[PDB]
Amino acid sequence: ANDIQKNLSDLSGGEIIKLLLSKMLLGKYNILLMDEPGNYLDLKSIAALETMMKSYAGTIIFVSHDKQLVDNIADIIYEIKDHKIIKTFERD
Amino acid sequence: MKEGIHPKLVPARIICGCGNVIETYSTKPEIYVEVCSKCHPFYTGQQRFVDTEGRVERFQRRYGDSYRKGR
Amino acid sequence: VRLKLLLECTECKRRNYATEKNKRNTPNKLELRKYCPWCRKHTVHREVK
Amino acid sequence: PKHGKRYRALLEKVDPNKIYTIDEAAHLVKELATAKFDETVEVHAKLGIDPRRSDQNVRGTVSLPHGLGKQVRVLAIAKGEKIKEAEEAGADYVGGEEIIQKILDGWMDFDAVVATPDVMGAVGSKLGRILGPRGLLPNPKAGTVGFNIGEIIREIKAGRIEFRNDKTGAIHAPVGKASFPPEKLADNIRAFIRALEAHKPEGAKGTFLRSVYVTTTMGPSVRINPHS
Amino acid sequence: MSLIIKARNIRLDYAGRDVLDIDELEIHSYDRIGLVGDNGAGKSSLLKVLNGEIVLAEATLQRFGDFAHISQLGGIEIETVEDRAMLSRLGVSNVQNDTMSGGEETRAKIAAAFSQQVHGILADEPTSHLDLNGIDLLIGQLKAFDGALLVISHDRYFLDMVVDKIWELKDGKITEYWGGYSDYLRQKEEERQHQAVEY
RNA sequence: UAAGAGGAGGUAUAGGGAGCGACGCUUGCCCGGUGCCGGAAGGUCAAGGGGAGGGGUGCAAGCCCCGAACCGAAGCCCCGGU
RNA sequence: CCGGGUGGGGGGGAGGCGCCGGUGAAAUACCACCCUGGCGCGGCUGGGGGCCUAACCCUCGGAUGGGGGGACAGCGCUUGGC
Ligand SMILES: Nc1ncnc2c1ncn2[C@@H]1O[C@H](COP(=O)(O)OP(=O)(O)NP(=O)(O)O)[C@@H](O)[C@H]1O
Ligand SMILES: Nc1ncnc2c1ncn2[C@@H]1O[C@H](COP(=O)(O)OP(=O)(O)NP(=O)(O)O)[C@@H](O)[C@H]1O
């Protein structure tokens with residue numbers, strides 16, 4: 001409540017994701033196309049993000065880093081091995 | 001006297017009192033002690049030759065008595 | 001004195017200050033106004049402390 | 001093992017154990033560099049500086065009044081009457097803004113450049129991208145830009161040279177033949193010392209005039225100390 | 001281990017609250033200080049001051065070691081060398097300036113970071129968007145060149161491999177303790193068992 | 001007051017300190033605090049060892065004062081016992 | 001990081017590559033002050049561990065004889081904590 005009046009230029013610098021993440025969780029959607037949610041979120045914010053993404057109405061995807069959101073939210077892991085070999089899957 | 005020396009003579013005494021250190025930066029140092037003390041020299045025992053004596057004081061071994069055993 | 005501050009404004013050319021008060025929360029934007037020093041010109045000072 | 005070289009009888013003569021002088025090792029290098037065609041001596045020095053700090057990056061020259069021969073290829077950047085002075089004085093490569101455009105095109109044949117101050121704004125703006133920190137670039141107080149370009153080339157046939165200390169401080173001076181006299185080129189290397197200590201900056205800590213050695217560029221030679 | 005900088009009396013008040021608290025800071029050579037924690041400490045703002053992004057008009061800083069920089073939000077302009085040097089086996093090579101987007105230019109904005117006795121690195125995120133091959137091509141060669149640092153990051157994968165001691169600021173606290181196990185020595189909250197043996 | 005003396009010309013079935021007081025039947029449960037003992041390895045902290053950098057005058061070489069990167073115990077914190 | 005370089009001993013009985021030729025952004029040897037480099041040489045260490053004995057400690061029916069202890073301890077100025 002102290003600092004609700006600031007420009008975009010001089011912002012958190014890395015909090016943009018947090019502000020943008022809430023922007024899309026408002027507004028009526030069905031499919032979400034997120035590329036690295038958890039870019040500059042450190043640990044406590046990435047613990048905040050990982051508790052919703054297995055409790056959602058429609059379907060979402062995420063095209064992101066490995067190892068912390070993979071095998072905890074992930075359900076199908078598509079992978080492009082060679083040029084244009086997108087048929088190759090991982091994890092069921 | 002039996003804490004004098006044979007080439008010298010030294011039984012002195014002092015007083016002591018302690019406070020703080022912070023002086024160029026802060027208020028000034030405290031001073032709440034005054035106790036009289038005493039500040040002794042060193043005992044020695046020696047033997048050279050036909051074995052007499054001497055009780056010199058820890059810096060007049062190498063300076064003092066080696067001349068008198070250089071005669 | 002929880003939010004109020006004792007600030008002490010200096011010049012855009014020179015030396016020592018002209019001693020005033022500030023809020024720090026409802027304004028934040030480093031105030032500036034105009035005054036008469038002992039060099040007789042009516043210049044503008046700035047919040048410097 | 002013990003590989004065996006023609007330089008074996010050469011370094012039976014130059015045994016690297018004593019601090020050799022100018023004159024003793026000068027007569028020794030007179031008889032030493034007596035293989036195939038005449039030696040071209042260039043005494044280097046490696047100065048104990050921080051050359052990436054430009055307050056101590058130093059170069060310069062001094063005018064050395066003696067006869068010489070094949071060494072530093074100097075681009076004279078000049079206009080007409082200075083060009084005629086240079087062509088009478090004996091210039092290797094003469095020119096001006098035309099030859100500036102030629103080195104901009106494709107043509108490198110020079111080690112040092114001297115420039116007349118009538119076009120020096122063009123030589124300072126245009127020539128930077130190719131000259132750079134190579135041993136080639138203009139400097140205003142390093143005997144490079146100045147109206148005495150005729151004196152620069154007229155002396156080149158006897159003395160002139162020009163400093164540049166490269167990566168760790170490596171700087172050159174043409175001071176000899178395969179047996180050139182000693183006094184002369186000894187005067188060359190003494191006023192090399194005088195000019196080096198004249199443009200000595202403040203940043204001296206320890207052995208400033210650090211290390212001294214006539215490596216030349218590529219072939220036969222062994223080192224020299226300029227103290228005596 | 002000679003000094004570089006002796007920054008003192010540093011303070012900032014952008015949003016009213018103090019960005020930085022009153023200090024007297026010190027960095028010398030042979031050091032690998034990491035930074036951590038917080039969401040609005042401006043550790044990158046702080047980083048800005050050491051390089052020379054801004055001024056404070058109160059401080060009397062000094063510096064004689066020249067530094068590098070890696071920004072957090074941006075790309076970079078053209079550095080195209082003929083007959084190319086150490087980028088052909090290093091990250092990305094000469095490319096058009098239209099495709100450069102994502103984990104393609106983070107290796108390019110650090111491609112200018114390896115040059116000329118640079119005596120220290122002021123990073124703010126090294127490993128943005130670059131996956132496993134760009135990790136081993138960073139940490140295998142970031143440890144190479146010597147000198148003092150101050151790399152700051154968000155997870156202890158390479159932050160345990162390279163860092164000897166870790167700072168954390170919490171409104172300007174300049175506590176310093178030894179690296180890797182910083183999420184394991186922060187159980188001095190357990191010596192706040194007092195309030196449960198004192199009340 | 002340093003020498004010296006009682007312990008004792010005795011040597012752990014002997015000698016100091018604390019508590020309940022012949023004899024018969026028994027002396028239960030708690031280690032959170034306090035005291036005592038055992039601590040591997042680590043966290044703070046004194047003189048001392050060091051010299052990065054900066055300050056005063058002098059024709060200069062030099063002579064004077066701060067200083068801190070690292071190394072330096074007992075006691076405390078932490079871990080078990082009675 | 002395939003090739004190979006770096007260093008020694010060979011089997012002995014005019015010899016090879018270096019010149020030239022070649023190739024391309026440089027071209028073959030090879031001496032290079034002083035700097036980055038990793039193994040050695042005269043050694044070098046705040047600290048830690050062995051035994052020895054011309055300081056001193058304690059005891060041997062005549063005691064610089066003998067046998068122990070051993071650079072501990074004891075003692076003097078001095079820092080910090082109960
Ligand atoms: N120029 C500025 N204008 C306004 N507010 C600022 C400015 N700089 C810093 N702040 C505030 O100070 C806090 C720290 O800034 P910032 O540099 O983003 O911290 P940080 O250490 O970079 N953490 P992160 O934002 O996660 O990268 C933020 O929460 C800002 O609100
Ligand atoms: N304007 C363009 N012209 C041609 N190709 C393009 C263009 N923009 C993108 N591309 C292609 O897209 C690729 C760039 O990477 P991108 O498709 O964004 O994947 P990415 O995973 O987002 N990259 P990164 O996250 O940086 O590893 C290149 O390989 C290009 O071939």
# chains A, B, ... in the order shown; residues from 1 in each chain; ligands from 1
>>> interface_residues(of="chain B", to="chain F", cutoff="12 Å", atoms="only C-alpha atoms (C1' of nucleotides)", output="ChimeraX atom specification")
/B:2-3,40,43
>>> closest_atom_pairs(of="chain E", to="ligand 1", cutoff="12 Å", atoms="only C-alpha atoms and all ligand atoms", output="CSV")
residue,atom,partner,partner_atom_place_in_ligand_line,distance
E:11,CA,ligand 1,12 (O),11.5
E:12,CA,ligand 1,9 (C),8.4
E:13,CA,ligand 1,10 (N),8.1
E:14,CA,ligand 1,5 (N),4.8
E:15,CA,ligand 1,5 (N),5.2
E:16,CA,ligand 1,5 (N),8.8
E:17,CA,ligand 1,12 (O),8.0
E:18,CA,ligand 1,12 (O),7.9
E:19,CA,ligand 1,12 (O),5.3
E:20,CA,ligand 1,12 (O),8.8
E:35,CA,ligand 1,21 (O),9.3
E:36,CA,ligand 1,21 (O),8.7
E:37,CA,ligand 1,21 (O),8.3
E:38,CA,ligand 1,23 (N),6.5
E:39,CA,ligand 1,26 (O),4.4
E:40,CA,ligand 1,29 (O),3.4
E:41,CA,ligand 1,14 (C),4.0
E:42,CA,ligand 1,19 (O),2.4
E:43,CA,ligand 1,21 (O),3.2
E:44,CA,ligand 1,22 (O),4.2
E:45,CA,ligand 1,17 (O),4.2
E:46,CA,ligand 1,17 (O),7.0
E:47,CA,ligand 1,17 (O),8.5
E:48,CA,ligand 1,17 (O),8.8
E:49,CA,ligand 1,17 (O),11.0
E:53,CA,ligand 1,1 (N),11.4
E:54,CA,ligand 1,1 (N),10.1
E:71,CA,ligand 1,22 (O),11.1
E:72,CA,ligand 1,27 (O),8.4
E:73,CA,ligand 1,27 (O),10.4
E:123,CA,ligand 1,22 (O),11.5
E:124,CA,ligand 1,27 (O),8.0
E:125,CA,ligand 1,27 (O),9.0
E:152,CA,ligand 1,21 (O),9.4
E:153,CA,ligand 1,27 (O),9.4
E:154,CA,ligand 1,26 (O),9.3
E:168,CA,ligand 1,21 (O),10.5
E:169,CA,ligand 1,21 (O),9.2
E:170,CA,ligand 1,21 (O),10.3
E:171,CA,ligand 1,14 (C),9.8
E:172,CA,ligand 1,21 (O),11.0
>>> write_last_selection(atoms="C-alpha atoms", output="PDB file, in the first residue's frame")
ATOM      1  CA  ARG E  11      22.192   5.248   1.373  1.00  0.00           C
ATOM      2  CA  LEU E  12      19.208   5.453  -1.000  1.00  0.00           C
ATOM      3  CA  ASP E  13      15.545   6.336  -0.468  1.00  0.00           C
ATOM      4  CA  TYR E  14      13.728   5.725  -3.776  1.00  0.00           C
ATOM      5  CA  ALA E  15      10.366   4.438  -2.493  1.00  0.00           C
ATOM      6  CA  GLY E  16      10.632   6.056   0.943  1.00  0.00           C
ATOM      7  CA  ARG E  17      12.115   2.977   2.584  1.00  0.00           C
ATOM      8  CA  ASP E  18      15.893   2.655   2.635  1.00  0.00           C
ATOM      9  CA  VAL E  19      17.277   0.777  -0.341  1.00  0.00           C
ATOM     10  CA  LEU E  20      20.742   0.751   1.229  1.00  0.00           C
ATOM     11  CA  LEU E  35      24.900 -12.337  -3.005  1.00  0.00           C
ATOM     12  CA  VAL E  36      21.485 -13.690  -2.162  1.00  0.00           C
ATOM     13  CA  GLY E  37      17.911 -13.398  -0.944  1.00  0.00           C
ATOM     14  CA  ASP E  38      15.305 -10.645  -0.907  1.00  0.00           C
ATOM     15  CA  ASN E  39      12.799  -9.438  -3.496  1.00  0.00           C
ATOM     16  CA  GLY E  40      13.322  -5.681  -3.292  1.00  0.00           C
ATOM     17  CA  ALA E  41      16.825  -5.032  -1.980  1.00  0.00           C
ATOM     18  CA  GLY E  42      18.111  -3.601  -5.255  1.00  0.00           C
ATOM     19  CA  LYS E  43      21.256  -5.724  -5.152  1.00  0.00           C
ATOM     20  CA  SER E  44      21.430  -4.811  -8.835  1.00  0.00           C
ATOM     21  CA  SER E  45      20.853  -1.150  -8.061  1.00  0.00           C
ATOM     22  CA  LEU E  46      23.672  -1.510  -5.535  1.00  0.00           C
ATOM     23  CA  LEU E  47      25.695  -3.178  -8.281  1.00  0.00           C
ATOM     24  CA  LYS E  48      24.956  -0.154 -10.464  1.00  0.00           C
ATOM     25  CA  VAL E  49      26.797   2.162  -8.081  1.00  0.00           C
ATOM     26  CA  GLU E  53      25.745   3.962 -13.472  1.00  0.00           C
ATOM     27  CA  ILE E  54      24.689   6.775 -11.119  1.00  0.00           C
ATOM     28  CA  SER E  71      22.985  -6.008 -17.569  1.00  0.00           C
ATOM     29  CA  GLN E  72      19.669  -7.612 -16.624  1.00  0.00           C
ATOM     30  CA  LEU E  73      17.255  -6.143 -19.182  1.00  0.00           C
ATOM     31  CA  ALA E 123      27.112  -9.683 -12.932  1.00  0.00           C
ATOM     32  CA  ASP E 124      23.411  -9.553 -12.143  1.00  0.00           C
ATOM     33  CA  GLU E 125      22.208 -12.767 -13.754  1.00  0.00           C
ATOM     34  CA  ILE E 152      24.662 -12.766  -7.862  1.00  0.00           C
ATOM     35  CA  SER E 153      22.052 -15.400  -8.698  1.00  0.00           C
ATOM     36  CA  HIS E 154      18.981 -17.388  -7.583  1.00  0.00           C
ATOM     37  CA  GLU E 168      23.085 -11.454   2.265  1.00  0.00           C
ATOM     38  CA  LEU E 169      21.568  -8.039   2.824  1.00  0.00           C
ATOM     39  CA  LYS E 170      18.265  -7.564   4.669  1.00  0.00           C
ATOM     40  CA  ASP E 171      17.820  -3.755   4.589  1.00  0.00           C
ATOM     41  CA  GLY E 172      21.564  -3.211   4.433  1.00  0.00           C
TER      42      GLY E 172
END
>>> residues_near_ligand(ligand="ligand 2", cutoff="7 Å", atoms="only C-alpha atoms (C1' of nucleotides) and all ligand atoms", output="ChimeraX atom specification")
/E:98-105,129-130
>>> write_last_selection(atoms="C-alpha atoms", output="compact mmCIF listing (two decimals), in the first residue's frame")
# COMPACT_ATOMS: atom_id res chain seq x y z
CA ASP E 98 16.62 -10.25 -36.02
CA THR E 99 16.63 -13.77 -34.58
CA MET E 100 18.61 -12.84 -31.47
CA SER E 101 15.91 -13.43 -28.85
CA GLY E 102 15.98 -15.47 -25.65
CA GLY E 103 18.74 -17.79 -24.49
CA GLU E 104 20.50 -16.83 -27.70
CA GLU E 105 21.80 -13.41 -26.69
CA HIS E 129 17.33 -18.76 -20.30
CA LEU E 130 20.40 -20.83 -21.21
>>> interface_residues(of="chain G", to="chain D", cutoff="8 Å", atoms="only C-alpha atoms (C1' of nucleotides)", output="PDB file with C-alpha atoms (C1' of nucleotides), in the first residue's frame")
ATOM      1  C1'   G G   8      67.370 -39.845 -22.830  1.00  0.00           C
ATOM      2  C1'   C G  30      66.863 -21.005 -34.574  1.00  0.00           C
ATOM      3  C1'   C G  31      69.243 -16.853 -30.115  1.00  0.00           C
ATOM      4  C1'   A G  32      65.688 -14.038 -27.383  1.00  0.00           C
ATOM      5  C1'   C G  33      65.756  -9.548 -21.546  1.00  0.00           C
ATOM      6  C1'   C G  34      61.655  -9.784 -18.706  1.00  0.00           C
ATOM      7  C1'   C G  35      56.437 -11.416 -17.912  1.00  0.00           C
TER       8        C G  35
END
>>> atom_distance(atom1="atom CA of residue D:147", atom2="atom CA of residue D:116")
5.4 Å
>>> closest_residue(among="A:20, A:53, A:43, A:1", to="chain E", atoms="only C-alpha atoms")
A:43
>>> residues_around(residues="stretch 126-136 of chain D", least_positions_apart="4", cutoff="9 Å", atoms="only C-alpha atoms (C1' of nucleotides)", output="CSV table (one decimal) with N, CA, C and O atoms, in the first residue's frame")
chain,number,residue,atom,x,y,z
D,100,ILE,N,46.8,7.9,-47.4
D,100,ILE,CA,45.8,7.6,-46.3
D,100,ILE,C,44.7,6.7,-46.9
D,100,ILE,O,44.3,5.7,-46.3
D,101,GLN,N,44.2,7.1,-48.1
D,101,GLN,CA,43.2,6.3,-48.7
D,101,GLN,C,43.7,5.0,-49.2
D,101,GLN,O,43.0,4.0,-49.3
D,103,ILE,N,46.3,3.1,-47.7
D,103,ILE,CA,46.3,2.2,-46.5
D,103,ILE,C,44.9,1.8,-46.1
D,103,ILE,O,44.7,0.7,-45.5
D,104,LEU,N,44.0,2.8,-46.2
D,104,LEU,CA,42.6,2.4,-46.0
D,104,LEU,C,42.1,1.3,-47.0
D,104,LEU,O,41.3,0.4,-46.6
D,110,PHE,N,54.7,0.0,-44.0
D,110,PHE,CA,55.4,1.0,-43.2
D,110,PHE,C,55.4,0.5,-41.7
D,110,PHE,O,54.5,-0.2,-41.3
D,111,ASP,N,56.4,1.0,-41.0
D,111,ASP,CA,56.6,0.8,-39.6
D,111,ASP,C,56.3,2.0,-38.8
D,111,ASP,O,55.6,2.0,-37.7
D,112,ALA,N,56.7,3.2,-39.3
D,112,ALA,CA,56.5,4.5,-38.6
D,112,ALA,C,55.9,5.4,-39.6
D,112,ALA,O,56.1,5.4,-40.8
D,113,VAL,N,55.1,6.4,-39.0
D,113,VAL,CA,54.4,7.4,-39.8
D,113,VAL,C,54.8,8.7,-39.2
D,113,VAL,O,54.7,8.9,-37.9
D,121,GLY,N,44.2,16.5,-38.6
D,121,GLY,CA,42.8,16.1,-38.2
D,121,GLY,C,42.3,15.0,-39.0
D,121,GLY,O,41.6,14.0,-38.5
D,122,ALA,N,42.6,14.9,-40.3
D,122,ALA,CA,42.2,13.8,-41.2
D,122,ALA,C,43.0,12.6,-40.8
D,122,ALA,O,42.5,11.4,-40.9
D,163,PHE,N,60.0,5.6,-31.0
D,163,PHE,CA,59.6,4.6,-29.9
D,163,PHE,C,58.2,4.1,-30.2
D,163,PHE,O,57.4,4.7,-30.8
D,164,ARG,N,58.0,2.8,-29.7
D,164,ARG,CA,56.7,2.4,-29.3
D,164,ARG,C,56.9,1.1,-28.5
D,164,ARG,O,57.5,0.2,-28.9
D,165,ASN,N,56.4,1.2,-27.2
D,165,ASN,CA,56.5,0.0,-26.4
D,165,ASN,C,55.2,-0.9,-26.5
D,165,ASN,O,54.1,-0.4,-26.3
D,166,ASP,N,55.4,-2.1,-27.0
D,166,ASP,CA,54.3,-3.0,-27.3
D,166,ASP,C,54.0,-3.8,-26.0
D,166,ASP,O,54.4,-3.4,-24.9
>>> atom_distance(atom1="atom CA of residue D:36", atom2="atom CA of residue D:177")
12.4 Å
>>> interface_residues(of="chain B", to="chain G", cutoff="10 Å", atoms="only C-alpha atoms (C1' of nucleotides)", output="JSON list (two decimals) with C-alpha atoms, in the first residue's frame")
[["chain", "number", "residue", "atom", "x", "y", "z"],
["B", 39, "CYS", "CA", 56.66, -4.78, 41.06],
["B", 40, "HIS", "CA", 59.52, -7.26, 41.76],
["B", 41, "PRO", "CA", 62.78, -8.09, 39.85],
["B", 42, "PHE", "CA", 64.01, -11.60, 38.90],
["B", 43, "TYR", "CA", 65.46, -14.26, 41.20],
["B", 44, "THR", "CA", 68.38, -16.27, 39.84],
["B", 45, "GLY", "CA", 70.56, -19.06, 41.16],
["B", 46, "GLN", "CA", 73.93, -19.83, 39.59],
["B", 49, "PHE", "CA", 83.37, -23.18, 39.08],
["B", 50, "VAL", "CA", 84.19, -24.00, 42.82],
["B", 51, "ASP", "CA", 80.49, -23.07, 43.41],
["B", 57, "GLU", "CA", 68.83, -10.32, 37.67],
["B", 58, "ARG", "CA", 68.24, -11.84, 34.23]]
>>> interface_residues(of="chain F", to="chain E", cutoff="10 Å", atoms="only C-alpha atoms (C1' of nucleotides)", output="list in words")
residues 32, 33, 43, 52, 53, 69, 70, 77 and 78 of chain F
>>> residues_around(residues="residue A:72", least_positions_apart="5", cutoff="9 Å", atoms="only C-alpha atoms (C1' of nucleotides)", output="ChimeraX atom specification")
/A:50,54,67
>>> write_last_selection(atoms="N, CA and C atoms", output="tab-separated table (two decimals), in the first residue's frame")
chain	number	residue	atom	x	y	z
A	50	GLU	N	4.25	-22.94	-7.85
A	50	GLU	CA	4.17	-24.38	-8.04
A	50	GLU	C	2.99	-25.02	-7.32
A	54	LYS	N	-0.90	-27.39	-10.60
A	54	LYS	CA	-1.54	-28.69	-10.66
A	54	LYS	C	-2.98	-28.63	-10.18
A	67	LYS	N	13.69	-29.67	-14.41
A	67	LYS	CA	14.20	-30.12	-13.11
A	67	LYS	C	13.48	-29.65	-11.86
>>> closest_residue(among="E:147, E:126, E:163, E:187", to="chain A", atoms="only C-alpha atoms")
E:126
>>> atom_distance(atom1="atom CA of residue D:31", atom2="atom CA of residue D:179")
7.0 Å
>>> residues_around(residues="residue C:32", least_positions_apart="2", cutoff="8 Å", atoms="only C-alpha atoms (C1' of nucleotides)", output="VMD selection string")
chain C and resid 30 34 44 to 47
>>> write_last_selection(atoms="N, CA, C and O atoms", output="mmCIF file, in the first residue's frame")
data_model
loop_
_atom_site.group_PDB
_atom_site.id
_atom_site.type_symbol
_atom_site.label_atom_id
_atom_site.label_comp_id
_atom_site.auth_asym_id
_atom_site.auth_seq_id
_atom_site.Cartn_x
_atom_site.Cartn_y
_atom_site.Cartn_z
ATOM 1 N N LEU C 30 12.028 14.715 -3.430
ATOM 2 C CA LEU C 30 13.254 15.486 -3.186
ATOM 3 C C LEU C 30 13.047 16.974 -3.497
ATOM 4 O O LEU C 30 13.432 17.477 -4.553
ATOM 5 N N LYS C 34 13.151 28.273 -3.230
ATOM 6 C CA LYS C 34 13.940 29.439 -3.601
ATOM 7 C C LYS C 34 14.140 30.333 -2.389
ATOM 8 O O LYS C 34 13.175 30.639 -1.689
ATOM 9 N N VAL C 44 17.920 29.001 -5.773
ATOM 10 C CA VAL C 44 17.086 27.870 -5.382
ATOM 11 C C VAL C 44 17.906 26.803 -4.665
ATOM 12 O O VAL C 44 18.913 26.325 -5.188
ATOM 13 N N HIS C 45 17.467 26.432 -3.467
ATOM 14 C CA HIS C 45 18.159 25.421 -2.677
ATOM 15 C C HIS C 45 17.586 24.032 -2.937
ATOM 16 O O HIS C 45 16.539 23.889 -3.566
ATOM 17 N N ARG C 46 18.281 23.010 -2.446
ATOM 18 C CA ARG C 46 17.842 21.630 -2.625
ATOM 19 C C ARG C 46 18.013 20.827 -1.341
ATOM 20 O O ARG C 46 18.924 21.081 -0.553
ATOM 21 N N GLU C 47 17.129 19.856 -1.134
ATOM 22 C CA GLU C 47 17.180 19.013 0.054
ATOM 23 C C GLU C 47 18.472 18.205 0.104
ATOM 24 O O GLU C 47 18.585 17.156 -0.531
#
>>> residues_around(residues="residue D:53", least_positions_apart="3", cutoff="12 Å", atoms="only C-alpha atoms (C1' of nucleotides)", output="PyMOL selection string")
(chain D and resi 49-50+56-58+167-169+201+203) or (chain E and resi 64-66+116-117)
>>> write_last_selection(atoms="C-alpha atoms", output="CSV table (one decimal), in the first residue's frame")
chain,number,residue,atom,x,y,z
D,49,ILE,CA,55.3,-0.1,-16.6
D,50,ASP,CA,51.5,-0.7,-16.7
D,56,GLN,CA,52.6,5.7,-18.5
D,57,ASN,CA,52.2,4.5,-22.1
D,58,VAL,CA,55.1,6.4,-23.6
D,167,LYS,CA,52.4,-5.5,-25.0
D,168,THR,CA,54.7,-5.8,-22.0
D,169,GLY,CA,56.9,-2.7,-22.9
D,201,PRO,CA,56.6,9.6,-16.9
D,203,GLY,CA,54.9,6.3,-12.7
E,64,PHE,CA,41.5,2.2,-9.5
E,65,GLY,CA,40.5,-1.3,-10.8
E,66,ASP,CA,38.5,-1.3,-14.0
E,116,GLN,CA,41.3,-6.9,-21.5
E,117,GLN,CA,42.6,-7.5,-17.9
>>> interface_residues(of="chain C", to="chain E", cutoff="7 Å", atoms="only C-alpha atoms", output="ChimeraX atom specification")
/C:24-25,28
